[PDB]
Every structure is written in C-alpha cells, then in structure tokens.
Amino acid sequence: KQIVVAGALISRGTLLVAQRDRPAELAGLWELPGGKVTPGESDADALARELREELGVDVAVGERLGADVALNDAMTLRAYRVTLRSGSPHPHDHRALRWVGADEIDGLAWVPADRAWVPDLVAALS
C-alpha cells in the first residue's frame, strides 16, 4: 500500500486546517495537509517535505494522531501531530488556511477521509 501522511499542526492552542483546491470533488473541502510518502522516505521525511512545500514551514513530526484511514485498497492515510520550528503557514497549494479551535472542528466541511479524525482532533484541543 501507498502511504499518505497528513499533519495536525497545533500552535498557540489552535489547529491548522487547509482547504483543498483540487480535484473538483474535494475542492472547497478541508483537510489536514500532507501527501504521499515516496519509496526511500520515512513518514517524518515525507510529511516535513510536504508541509515545507505546501505551507512554507519547517515542522517537527511527533506522535500519531488517531488511526489509519483506508482511502482505498491502494492507499492508506495517516495523521501525525506536528509542531512549528520556523515559518508562518501560507496556502501555496491550497485555496485557504484556517486556525480552528475545538468547538469549530465538527462544523468544518471536511474531506470525507479526514472526517474520521474529528473526535481525535477535538480531544487533542481539549
């Protein structure tokens, strides 16, 4: 299986979420940002790489957040806690970014796969 890694960046008590711009089925919906692990990379390497490219930040990759999500037979999606080392996030690849609190997480129009993590994210912010 192909692994897709995603980051739950919590800073100053809020969670960063990212609004996809593609493909049409997901454009406008919100996600934890990340991307595919390439063969030869660790999960930490891949996630830090993706968030540097997508957001313009250097992060440290920490513990898993929640369980794996099966995207299909082909791919699996995994979230990690990440924390900021340097930089301020900007939507280089996404439509928008938002910092959200616990109360806002269940109301967000999540991409269907990431929605599974709602209870985990609420707990992390509580």
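Just count from 1 along the sequence shown to find any residue number.
*Asks:* Select between 40-48 and 73-81 the stretch whose C-alpha atoms have the higher average B-factor in the entry.
*Replies:* Result: 73-81.
*Asks:* Please compare 103-111 with 20-28 and say which has the higher mean C-alpha temperature factor in the record.
*Replies:* It is 103-111 that shows the higher mean C-alpha B-factor.
*Asks:* Using only the C-alpha B-factors in the record, can you name which of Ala67, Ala60, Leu55, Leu97 has the highest?
*Replies:* Comparing C-alpha B-factors across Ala67, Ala60, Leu55, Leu97, the top value belongs to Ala67.
*Asks:* Among the modelled residues of its chain, does the C-alpha B-factor of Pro91 lie in the lowest, middle or highest third?
*Replies:* Highest third of the chain for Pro91's C-alpha B-factor.
*Asks:* For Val122, return the chain-relative third of its C-alpha B-factor as stated in the PDB record: lowest, middle or highest.
*Replies:* Middle third.
*Asks:* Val4: which third of its chain by C-alpha temperature factor?
*Replies:* Answer is middle: the recorded C-alpha B-factor places it there.
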